[PDB]
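By convention in this document, chain letters (A, B, ...) are assigned in the order of the sequence lines, proteins followed by strands, and residues within each chain are numbered from 1.
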Amino acid sequence: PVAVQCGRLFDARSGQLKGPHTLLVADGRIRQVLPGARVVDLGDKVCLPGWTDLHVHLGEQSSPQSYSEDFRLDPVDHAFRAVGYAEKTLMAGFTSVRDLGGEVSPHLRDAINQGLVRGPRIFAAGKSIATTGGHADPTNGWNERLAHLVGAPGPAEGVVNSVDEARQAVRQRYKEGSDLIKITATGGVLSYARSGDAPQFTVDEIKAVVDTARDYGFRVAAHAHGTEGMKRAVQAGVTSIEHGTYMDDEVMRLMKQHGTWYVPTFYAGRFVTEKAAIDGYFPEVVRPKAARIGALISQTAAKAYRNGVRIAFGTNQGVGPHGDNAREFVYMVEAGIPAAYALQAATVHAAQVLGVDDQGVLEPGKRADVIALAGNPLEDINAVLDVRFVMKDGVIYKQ
Amino acid sequence: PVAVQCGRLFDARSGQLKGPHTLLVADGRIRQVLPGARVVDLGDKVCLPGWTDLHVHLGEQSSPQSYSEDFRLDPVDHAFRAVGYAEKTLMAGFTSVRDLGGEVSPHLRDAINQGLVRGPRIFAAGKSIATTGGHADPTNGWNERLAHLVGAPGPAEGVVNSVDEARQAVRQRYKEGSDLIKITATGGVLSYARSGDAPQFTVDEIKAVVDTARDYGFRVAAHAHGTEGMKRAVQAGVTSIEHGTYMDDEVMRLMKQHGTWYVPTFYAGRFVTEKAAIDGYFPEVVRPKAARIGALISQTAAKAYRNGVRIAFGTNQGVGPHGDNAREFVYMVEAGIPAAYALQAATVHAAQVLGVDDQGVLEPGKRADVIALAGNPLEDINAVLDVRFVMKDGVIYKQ
Amino acid sequence: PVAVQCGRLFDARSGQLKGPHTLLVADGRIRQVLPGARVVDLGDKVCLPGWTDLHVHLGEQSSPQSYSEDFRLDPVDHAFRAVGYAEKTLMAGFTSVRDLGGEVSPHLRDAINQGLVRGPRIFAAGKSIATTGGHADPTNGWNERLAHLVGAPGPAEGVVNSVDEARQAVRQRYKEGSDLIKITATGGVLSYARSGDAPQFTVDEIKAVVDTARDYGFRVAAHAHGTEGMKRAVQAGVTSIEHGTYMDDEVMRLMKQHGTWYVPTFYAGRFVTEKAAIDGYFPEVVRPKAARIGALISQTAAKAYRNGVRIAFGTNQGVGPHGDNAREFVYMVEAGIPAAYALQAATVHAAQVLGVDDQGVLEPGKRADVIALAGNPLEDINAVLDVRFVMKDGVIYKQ
Amino acid sequence: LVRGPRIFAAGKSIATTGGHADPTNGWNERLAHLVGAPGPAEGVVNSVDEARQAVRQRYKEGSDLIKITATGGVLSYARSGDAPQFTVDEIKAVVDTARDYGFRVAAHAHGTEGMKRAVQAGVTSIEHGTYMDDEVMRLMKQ
Ligand SMILES: C[C@@H]1Cc2c(Cl)cc(C(=O)N[C@@H](Cc3ccccc3)C(=O)O)c(O)c2C(=O)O1
Ligand SMILES: C[C@@H]1Cc2c(Cl)cc(C(=O)N[C@@H](Cc3ccccc3)C(=O)O)c(O)c2C(=O)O1
Ligand SMILES: C[C@@H]1Cc2c(Cl)cc(C(=O)N[C@@H](Cc3ccccc3)C(=O)O)c(O)c2C(=O)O1
Ligand SMILES: C[C@@H]1Cc2c(Cl)cc(C(=O)N[C@@H](Cc3ccccc3)C(=O)O)c(O)c2C(=O)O1
Ligand SMILES: [Zn+2]
Ligand SMILES: [Zn+2]
Ligand SMILES: [Zn+2]
Ligand SMILES: [Zn+2]
Ligand SMILES: [Zn+2]
Ligand SMILES: [Zn+2]
Ligand SMILES: [Zn+2]
C-alpha cells in the first residue's frame, strides 16, 4: 500500500492541470485520489499517467548494416537486443506499447508478463498480412535460387491472394498468439520493392480480414501511403491508418465519418529525410522513395488536425533509436498540435485505440501506471524529455 | 550541346516531309527545332525519329536446333547471345523495343540502362501468363518423369486456372520487375501442342488479369490466332492483339469500337511459310500448323487496314533474324499499306501503344532519338534498309 | 584506474592466505600487486580471484514440466530465461563458465561480449556429438510419425556413425561458432533411453573426433557413466571426463597416466537422488536410472581424490537451480577434499582445463576478475555462500 | 559472340565443411535448412570418395582445371584465416582423380600447415603463401 504525493496532477480526461493530490496504490490498482502505508514524495514534480506508444518495432533498430543483416542473424540475437530496447522504452516513460510487426514481440510480452525481464506492457500484432510482392512480403528482392528453395509464401506465412487465404491468415495469426491484426494496404519505403503508393489489397480482401478478425475480438491497423489503398482500407472498416502521406479531402471526409484513428509518425519521416542524404545508408531502390515520401508527413498531419481527424500517438520506433520516443511530442507541438492534446493522445486516446478501459487515466479502479516530470510540459514541451519517476502496475521501476 | 543539321525532316505527327531543319540537343532531350555547340552534318540524308519494334524476343533466335536446345542451354548463354542481338537491333535504327516474353530481357534492360552494354530501350513483359496445356505453358510436350519432377506449374510459373490464380500471377509479374503483361488467349504454331486456334482463356480470367494489371499501371497484350479466343480477349479489354489470323467482320467491329491495337507481324508469317517446306526444320507436330496459319496473315492485315483497324509496327523477331526488322516495312507496303502510314506506325502509334509521351516525334521536350536514311523512304521503301545515322538519348551510336 | 584494498589475499597458485594487499586495475587488467586513482575498500573481506564453473547448461533449468516442454517452447523463450540465469550465475561469484550443450549459449556469449546483457565469460561447446540412439540424440523417444517427418539425424545435426561423419560433425561445429567439442561416450540418466552405461562410441570414432578437433584448436569433453565407454574416451585422448560413476582402478590408472581431468558434479547427483523419490517428477524410464546412478557419484569422487586423480570444479547446473553453484564447494569439503584444494579447483585448475592463461590468479598482466567474501572460507566453507564484491574485466558488478 | 581473352576456367571451387569456399558460410538457420548441407555436387567434400565425386562433377560441368582451398581466407564470413581445412588424404585423392582427366590443381593457402599439406600432396601452384617458412620453401623448391 504506497501513497504517492504529487504537487500537480494532470487530468487526462479533461486536459487540465489540477493542484496537489495524493494517490493510494494497492494490489496494483489505484484506489483513492484524495486531494491534499509507505510515503513517496514528488512535491516538485508534475504527476502524469503512463504513456502509450501505438507504433513500435521492438525487434529491430535501423542501422547502416540493416539490409545485409536479414540473412546472417537469427531471432535469438534479435531477442537479446530487444531486452535492452524494451528496458530503454520503459525507462523513457512509456508503460505500454503496441507492436506492429515481428515474431519476437509475442515472446517478449510473455517473458515480461512472467517477470523474467523488465519492460512495458506489449500488445503484439505478430506477423504482418500482405499480398504477393507486397510491402510486408518476406521474400521481396530475393534471387531466384533462394525464392525457389523457400517456395512461394502462403497464408501461413502471411501472404494472401484471395478471401479464403485471408480468412486462413487471420486464423493462423490467432493460433500464433497475436493480440491484433496488421495489414499493408499500399506500398512502403524501406522495402526492396519498386512501388511506394500502389494499391496492393482489394476491398473484398480487406473486408474478409476485418470480418474474420471481428469474430476473434481483434482490431486491424492498416499501413497506407497512397490514396487508393488508404481509401480501400478505410472503407473496409480498419481501426487505424499508419502513415497517410497522400491523404486528400475525400479520404479525410471518409475517416471523419467512419471514426478511423490516425497515427502520423513524425519521427520516422524526419529520420528518413535526414538519412536519405547520406550515401550508402540506404539501397538505390529505397533512397528515392525515402527522399520523396519522408518529407510530406508533417504537412499532412497538420492538415489532418486542422480538419478534425482523430490523432493518436505513434512514433514507428525501430526506424528511430529506441528510448527517444518522446521527442515526437515536441515535433507534434512544432507542427501546430497543442501540447495538452499531444499529451492526451498518448494516455486516453491510445487506450481508446487499444480497446482497453483499465488504463489511461489516474482514477479509482484503473491500473497504477504513473510517471513524473521535472518541469511543466504545457509551457515547455521539452520537459517531456526529463522523466524522474516511473511506476508500472504498482511497482516502482524508477525513483 | 550538339546541333544536328538535316536536309529533310519527316513529321511523324502529320505524315509529311518538310524541308531543311536544325535540331538542338541538350541534356538528352530536344530543345529547339529552328528551321534552316558541335555541328553534325546530314545534308544528304532524310532525317526521321527513331523506330520502335512492338514485338520482339531478344532472348532467342530460331534455328534448326531450336527445340532440342531447351534442355541443354542455360539462361547465361541466352544473355551472351542477347548482347549481340540487342546491338544488331539498335544499329538497324530501332531505338526502342517491346519484349513479349522471356526472363533475360528484364536483366538486359537493367544492364542497358546502367550503360554496361549497348542496345535499345526495352519495355519487358517478362514471363507469359497461360492456362494448363496452353501455348505459353512451360512444360508442354514433356515426358512423364520430367513432368513429375518439375511438378504442375502454378501461378508463380505463369500457369493459372482461376480468378485468384490470375490475380496472383499478375502480382508475381509485378514482383519480378515487369513493365507490362502478356497472355496467350488461344493456341499457337511453334509450341509442342495439338491445337492452334482453340480458346484457352475464359472471359472471367482475362477480365481478372486486366483488372489486376490496371491497379499496377500495366497494359496487356494478347496472343490470339483463333476467332473465339480473340473475341474474348477483345471483350475483356486488352490493349493489343498479336496475330489475329482468323479475324472476321464481327471481331473487326468489336476492335474498332473498343480501340484495340493490331500488330500484324508479317515477317514471322513469311518466315514460317518459307521454312515449313524444308524437312527436319520443324517437329512433325508443328509443321502442319505452321504451313496452315503462316500463309493467311498477309490477307488478314490488308483487310484490317481497309476496314479501318488501327495497326502498329511489330515483327515478332526471334522467329526471324535479329537486325533485319526493317524489311517488315517493305512487306507492309507490298500488302497495300501506304509508306507514310507504315513509317508512322513505328514512331507515334508505337508510342501510343506503349503509353509513353516522351518519344515518337522530333519536338521540344521529347527524347533525342534520331536516325537518318540515305534515300527517301516515301518514294522507295527499300531506303529503310540503309541507315547511316543513329542517336539514342542524345548519344551518337552510329555516324 | 581503480585501486582495490584487500585485508587478506588468497594465493591460488600456492594455496595459502596472505596478508593485506593492494591491487591496481587499469585497462581491464591487473598491473601491480603492491602490498599494503579511485579507492575501493574491502578491509573486512577476504579477497579471492573469480570462480569458474566448468559444467553448466545456461539454456535450461530442470522442472516438473521439463520433458513435456521440448515440443511447446521455442529457443527465444530459452534465451529470455537464460538472461536471468546468466545474471544469477554472475552474481554468485562465477566470472567464467564452460557451457556443455545447447544452441543458445553461442548467441548468449556474443550478446554478453557486446555488452547487451550482463553475465560471465562463456566458453560454449554448442551442439553435442552422439551416435544413433545415443544420450545426446535429439530424436530419442519420438513416435513414428515425428521421426518420419524430421528424418534420421545426420552429421549436421550431431549424430555420427562413421569416421567421415565424425570429421564432418567437428567441422560443422567449427562452422557454427563453437569453442570446444562435447561428446557422449556412454548412456545417461535424464534421456528417454533404455541404457545408462552402455558403450556408444567406438575407439576409431572418438579418435577421429579428437584428431579433427586438434586441427581447429579445440579441446574435447566426454560424458561417460559406464566403464567401457569411459575407458575408450580416455584412451582416445579426450581432455576431461564428466561424471565417471563406474570408474575402477584400471580407468584411474589410465587417467593418471594420460593426464585427463575429472569433473565430479556432486550437485547433479544429490539433486537427482532427492528428486527420484517423488512421483511424477521423472518419467518411468528415467526414475530407475536416476535412483541407481545418482547415489554413487560421491564415493567415486572421494576415491578418485585419494588415488591422485586431477579434479576440477563443475556442478552440471541446469539440473540444479542456476545461481546456487557454490554449494558444490561444501559438498566437496564434506566428501573429504580439502577446502584449499576445492578453492584452487575453480581458479587455476579450471583455467588449465580451459586452455587459457590470462585468468585464474591475481597477478600482473592477467584479467581483473576479483570477488570478495565476508568470512574466511578455509575455516568455514559456508562462507562461499556470502559474496559481497564482484568485479569482471575491471568493471564492478556488485559492490 | 563477345570479345575477350582466352579463358582457362576452373569452375566451382572444392572445399570442406565451413571452409573458405563453402557456399553457405555465415547463413542464418532457416536458409541453411532450406538449402541443405552442401554435398560433393556443390563442391563441399569431407572424405576420399566425396573428393573423387567432386572432381568428376567438375569434369562433367565443363572445367579446365581444379581449384581447392587448403586453408582459411580473408574475404569469407568465417572466423579463421590460416587453419588447416584439408587432410593430406583428401588432397591426394583430388590430385589423383584430376590426373586421370588431365587436370592441374591450384591450391589456395595462407597458413603454414595447409600449405605444407597441399605441397606434399602434389598440387601445381600455391595462390598466396602468406605464412611461408624455410621448410615450406624447401619443399616447394624440391
Ligand atoms: C518488422 C517491421 C516490419 C515493418 C513493417 Cl510491416 C512496416 C514498416 C513501415 O510501415 N515502415 C515505413 C517507414 C516509414 C518511412 C517513411 C515515413 C513513414 C514510415 C515505410 O517503409 O513505409 C516498417 O518500418 C517495418 C519495420 O520497420 O520492420
Ligand atoms: C520466349 C518466346 C515465347 C513466345 C511466345 Cl509466348 C509466343 C510466341 C508466338 O506468338 N509465336 C507465334 C509465331 C508465329 C507463327 C506464325 C504466325 C505468327 C506468329 C506462334 O507460334 O503463334 C513466340 O514466338 C514466342 C517465342 O518465340 O519465344
Ligand atoms: C542441453 C543439455 C544436454 C545435456 C547433455 Cl548433452 C548431457 C547431460 C548430462 O550429462 N546429464 C547427466 C545428469 C546427471 C545425472 C546424474 C549424475 C550426473 C549427471 C545425465 O543425465 O547423465 C545433460 O544433463 C544435459 C542437459 O541437462 O541438457
Ligand atoms: C568467386 C571468387 C571465389 C574466391 C575464392 Cl574461391 C578465393 C578467393 C581468395 O583467395 N581470396 C583472397 C583475397 C586475398 C586477400 C588478401 C591477400 C591475398 C588474397 C582471400 O580472401 O584470401 C577469392 O578472392 C574469391 C573471390 O574473390 O571470389
Ligand atoms: Zn507502416
Ligand atoms: Zn511500422
Ligand atoms: Zn504471339
Ligand atoms: Zn511473340
Ligand atoms: Zn554429462
Ligand atoms: Zn551436462
Ligand atoms: Zn585464393
Side-chain angles (χ1 to χ4, degrees), chain A residues 145, chain B residues 72 74 76-77, chain C residues 163-164 167-168 171-172 174-175 212 215, chain D residues 4-25 35-78 80-132 136-137 139-142:
Chain A
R145 64 107 77 243
Chain B
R72 323 286 203 171
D74 283 299
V76 166
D77 315 299
Chain C
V163 175
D164 323 303
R167 184 175 309 125
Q168 178 180 347
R171 280 172 177 151
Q172 177 83 10
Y174 155 83
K175 176 193 189 171
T212 319
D215 278 343
Chain D
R6 199 175 312 116
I7 298 176
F8 307 87
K12 261 200 199 145
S13 295
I14 295 171
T16 50
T17 297
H20 179 57
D22 194 293
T24 53
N25 256 351
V35 64
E42 281 82 27
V44 170
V45 307
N46 279 290
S47 56
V48 175
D49 323 303
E50 284 180 86
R52 184 175 308 125
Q53 178 180 347
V55 177
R56 280 171 176 152
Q57 177 83 10
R58 293 299 91 69
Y59 155 83
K60 177 193 189 171
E61 284 173 19
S63 280
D64 296 299
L65 67 137
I66 297 288
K67 210 286 185 77
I68 66 166
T69 53
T71 90
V74 155
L75 299 175
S76 52
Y77 249 96
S80 209
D82 48 338
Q85 297 196 333
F86 264 86
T87 313
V88 193
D89 270 345
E90 292 164 301
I91 318 179
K92 260 141 93 193
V94 163
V95 173
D96 292 350
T97 319
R99 201 188 295 132
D100 278 343
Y101 293 82
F103 283 170
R104 290 158 98 97
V105 193
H108 157 108
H110 282 301
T112 300
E113 184 41 65
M115 156 162 27
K116 217 190 74 134
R117 288 175 183 181
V119 170
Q120 285 178 325
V123 305
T124 297
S125 78
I126 303 282
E127 291 316 313
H128 312 286
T130 316
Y131 297 103
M132 195 179 329
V136 177
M137 294 196 216
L139 290 97
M140 278 198 33
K141 252 145 85 188
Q142 154 146 54

K.L.:
Output the distance between atom CD (D:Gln85) and atom OH (C:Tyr174), rounded to the nearest 0.5 Å.
P.N.:
5.0 Å

K.L.:
Could you verify whether a donor N or O on one side chain and an acceptor N or O on the other, from D:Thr87 and D:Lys92, lie under 3.5 Å apart?
P.N.:
no

K.L.:
I'd like to know whether D:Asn46 forms a side chain to side chain contact (heavy atoms under 4.5 Å, CB included) with C:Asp164, so could you lay out the CA-CA distance, the side-chain angles of the two residues, the decisive distance to 0.1 Å, and finally the verdict.
P.N.:
CA-CA 7 Å; D:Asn46 279 290; C:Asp164 323 303; 5.7 Å; no

K.L.:
Which heavy atom of D:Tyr101 sits nearest to which heavy atom of D:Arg56, and what is that distance?
P.N.:
OH-CG, 3.3 Å

K.L.:
Step by step, would you call D:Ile126 with D:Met140 a side chain to side chain contact (heavy atoms under 4.5 Å, CB included)?
P.N.:
CA-CA 9 Å; D:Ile126 303 282; D:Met140 278 198 33; 4.0 Å; yes

K.L.:
Given side chains that start at C-beta, do those of D:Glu42 and D:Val35 come closer than 4.5 Å, heavy atoms only?
P.N.:
no

K.L.:
List for me each residue that meets side-chain hydrogen bond (donor to acceptor under 3.5 Å, both in side chains) alongside D:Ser125, sequence neighbours excluded, and say none if there are none.
P.N.:
D:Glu127

K.L.:
Which pair of non-hydrogen atoms, one from D:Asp22 and one from D:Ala15, has the smallest distance, and what is that distance?
P.N.:
N-CB, 4.1 Å

K.L.:
Give the C-alpha distance, both sets of side-chain angles, the deciding distance and a yes or no for salt bridge (charged side-chain N to carboxylate O under 4.0 Å, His left out) between D:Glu61 and D:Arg58.
P.N.:
CA-CA 5 Å; D:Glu61 284 173 19; D:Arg58 293 299 91 69; 3.1 Å; yes

K.L.:
Could you tell me which residues satisfy side-chain hydrogen bond (donor to acceptor under 3.5 Å, both in side chains) with D:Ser47, sequence neighbours excluded, listed by chain and number?
P.N.:
D:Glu50

K.L.:
Would you say D:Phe103 and D:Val94 make side-chain contact, with heavy atoms under 4.5 Å?
P.N.:
no

K.L.:
Can you tell me how far apart CD (C:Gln172) and NZ (C:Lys175) are? Round to the nearest 0.5 Å.
P.N.:
5.5 Å

K.L.:
How close do D:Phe8 and D:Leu65 get, counting heavy atoms only, and between which atoms?
P.N.:
O-CD2, 3.8 Å

K.L.:
What's the verdict on side chain to side chain contact (heavy atoms under 4.5 Å, CB included) for D:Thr112 and D:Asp82, showing C-alpha distance, side-chain angles and the deciding distance?
P.N.:
CA-CA 7 Å; D:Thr112 300; D:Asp82 48 338; over 6 Å; no

K.L.:
Please work out whether the ring planes of D:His108 and D:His20 are parallel, tilted or perpendicular, with thresholds of 30° and 60°.
P.N.:
parallel

K.L.:
Kindly indicate whether the side chain of D:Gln120, heavy atoms from C-beta on, has any atom under 4.5 Å from the side chain of D:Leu139.
P.N.:
yes

K.L.:
Between D:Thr97 and D:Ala93 (side chain of the first, backbone of the second, donor and acceptor by atom type, cut-off under 3.5 Å), is there such a pair?
P.N.:
yes

K.L.:
Of all the heavy-atom pairs spanning D:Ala78 and D:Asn25, show the shortest one and how long it is.
P.N.:
CB-ND2, 4.0 Å

K.L.:
Is a donor on one side and an acceptor on the other found under 3.5 Å between the side chain of D:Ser63 and the backbone of D:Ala10?
P.N.:
yes

K.L.:
How long is the gap from OG1 on D:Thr124 to CD1 on D:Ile66, to the nearest 0.5 Å?
P.N.:
11.0 Å

K.L.:
May I ask you to decide whether D:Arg117 forms a salt bridge with C:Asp215, counting only side-chain N to carboxylate O separations under 4.0 Å?
P.N.:
yes

K.L.:
Short question: side chain of D:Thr71, backbone of D:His110 - any donor-acceptor pair under 3.5 Å?
P.N.:
yes

K.L.:
I need the minimum non-hydrogen distance between D:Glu90 and D:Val45, along with the two atoms involved.
P.N.:
OE2-O, 4.5 Å

K.L.:
Where do D:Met115 and D:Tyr131 come nearest, in terms of heavy atoms and distance?
P.N.:
CE-C, 4.2 Å

K.L.:
If you define the side chain from C-beta out and look only at heavy atoms, does anything of D:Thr16 sit under 4.5 Å from D:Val44?
P.N.:
no

